[PDB]
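Encoded as structure tokens, the following chain is the form deposited in one PDB entry, with no partner shown.
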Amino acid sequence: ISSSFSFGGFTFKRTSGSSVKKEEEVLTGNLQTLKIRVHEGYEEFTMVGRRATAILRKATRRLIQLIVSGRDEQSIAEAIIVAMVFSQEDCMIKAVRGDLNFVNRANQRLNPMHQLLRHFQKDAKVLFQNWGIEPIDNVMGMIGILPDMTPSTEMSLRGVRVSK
């Protein structure tokens, strides 16, 4: 049985691929240990939000491609953040600043993936600045988006393209 799920305000659906779960202990940009359930395998997902949608292709702790469309700069940026965290990429982990000890209304500690999400939703500047950039080749006729969230016809955040 396949099922959708919600992460970061987006409805995710795996559209192809597979993965196995493992636990990996990572050390953040502030030397905090997080034990994350890492998915190993190549997978493709849709992401559906109120004001943005995306297709995310990822492998093991690796964002391969994010094609994102949205109504405005902020909503595009929200989807990018969520996909970056969901990738479980090392560079996202290393972009963390300070400790992560977020707890919910119920005072329940958030799990590592949600700790990361809460942190980067608050401020993504470090994430975006450290993620990496690349020239676009225009083969999809799409547009780039830069770490400052401005569009670019030349370059984009690594693996990210913005579509109409």
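In this text, residue numbers run from 1 along the sequence as written. Whichever C-alpha set is largest while still superposing within 1.5 Å between the two forms counts as the rigid core.
Quick note: we don't show the form deposited in another entry, though the next part is all about it.
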Exceeds or equals 2 Å, Cα of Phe102 between this form and the one not shown, core fit | yes
Do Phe10 and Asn104 have their C-alpha atoms closer or farther apart in the other form than here, with the shift being 3 angstroms or more?
-> farther
In the other form, do the Cα atoms of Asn107 and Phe120 sit closer or farther apart than here, given a shift of 3 Å or more?
-> closer
